[PDB]
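The form deposited in one PDB entry is given below as one chain in structure tokens.
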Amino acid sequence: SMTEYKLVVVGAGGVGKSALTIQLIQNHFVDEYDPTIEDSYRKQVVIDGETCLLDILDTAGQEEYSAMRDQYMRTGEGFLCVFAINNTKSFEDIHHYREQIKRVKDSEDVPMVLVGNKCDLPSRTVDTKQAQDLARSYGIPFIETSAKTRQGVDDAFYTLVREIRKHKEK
């Protein structure tokens, strides 16, 4: 059967992890805020001509539970590291998630995509070059997204699968 990819969506509270995931899976967006405990989703997709199954863990950004991420970082194969382009603190919070992931994997080479979400909003505080530089420094792709307009949503998840493939095909 098709290969399954275990994707994990991480980032600060409110950056749009769930809105991105629900847009990908269910093709809709609501502006209501439903902070996540933990949710899992499945979707089959075609990426670079090859059909596969995305198993997506949508994690809590709720900051008080940072000590409870080890198990899902051990199980996950690739990580969507999400910040919001109008929230500089959420961009600063990226580093700590990547540090946690690198420690669990004991590796600098973990499949990961940096996602700058909410690019539909006019209130930007993180410029594209700043995020591109960080992604380059991490050695990972950077994609700007909007869960509201769907800009970049498929691309961000598909790019993460391409990163997992590159890591598990060498």
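In this text, residue numbers run from 1 along the sequence as written.
If you look for the form solved in complex with a partner chain, you will not find it shown, but the lines that follow are about it.
- Using a 4.5 angstroms limit between non-hydrogen atoms, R124 is distant from its partner chain in the deposited complex.
- Not displayed here, its partner chain is approached by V104 to within 4.5 Å at the level of heavy atoms in the deposited complex.
- For the chain shown alone, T59 is a contact residue for its partner chain in the deposited complex, at least one non-hydrogen atom being within 4.5 angstroms.
- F83 falls outside the set of residues with a heavy atom inside 4.5 Å of its partner chain in the deposited complex.
- Although the partner is absent from the chain shown here, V10, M73 and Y97 each have a heavy atom within 4.5 Å of its partner chain in the deposited complex.
- Partner proximity in the deposited complex, defined as non-hydrogen atoms within 4.5 angstroms of its partner chain, places exactly one of 63 to 71, 112 to 120, 126 to 134, 139 to 147 at the interface: 63 to 71.
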